[PDB]
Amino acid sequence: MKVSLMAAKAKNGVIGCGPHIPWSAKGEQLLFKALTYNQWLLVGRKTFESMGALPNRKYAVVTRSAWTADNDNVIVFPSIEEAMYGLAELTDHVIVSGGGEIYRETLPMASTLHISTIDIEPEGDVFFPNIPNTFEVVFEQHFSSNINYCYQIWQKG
């Protein structure tokens, strides 16, 4: 199965200040809605709880705890390893859609990054990992909004 990764980070690499995103870049989330439509996503438990489920997406949620989910559209996995083995029988394609921890543990398995950088440098204590130079930008487009943002697609070369 193909592993993609989709994130939005500030220019200082912040993705998270506790359970919040410390910015609202009007329009950016349309990109996430476009590329996740009828896809399978892999999310950490904290990101899943803070951001909720959208319709027309399936979720693999990883926890080390006894946490569970009423949603029929969700499968809980005890590890990333297990989620990958599971997903591989359920889909051609999974989009890793966050957690700091999840991004750190999955970035090496990804063949395509969808990265949005927001024109702000806010307070924060979760950070996107460093992008290995095995990856190259193949597409980029700037957006003007309340806070500008840059969308880039990276492929593993």
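Residues carry their position along the shown sequence, with the first being 1.
Chemist: If you take the mean CA temperature factor per stretch, which one wins between 64 to 72 and 30 to 38?
Modeler: Comparing 30 to 38 with 64 to 72, the higher average CA B-factor belongs to 64 to 72.
Chemist: Highest mean C-alpha temperature factor of the two stretches 120 to 128 and 52 to 60, which is it?
Modeler: In the deposited entry, the stretch with the higher C-alpha B-factor mean is 120 to 128.
Chemist: In terms of the chain's CA B-factor thirds, is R104 lowest, middle or highest?
Modeler: CA B-factor rank for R104: highest third.
Chemist: Taking the chain's C-alpha temperature factors as the reference, tell me which third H20 falls into: lowest, middle or highest.
Modeler: Tercile = highest for this residue's CA B-factor.
Chemist: Should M1 be placed in the lowest, middle or highest third of its chain by the C-alpha B factor in the entry?
Modeler: It falls in the top third of the chain.
Chemist: By its CA B factor, does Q141 count among the lowest, middle or highest third of the modelled residues in the chain?
Modeler: Within its chain, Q141 is a lowest-third residue by C-alpha B-factor, going by the deposited values.
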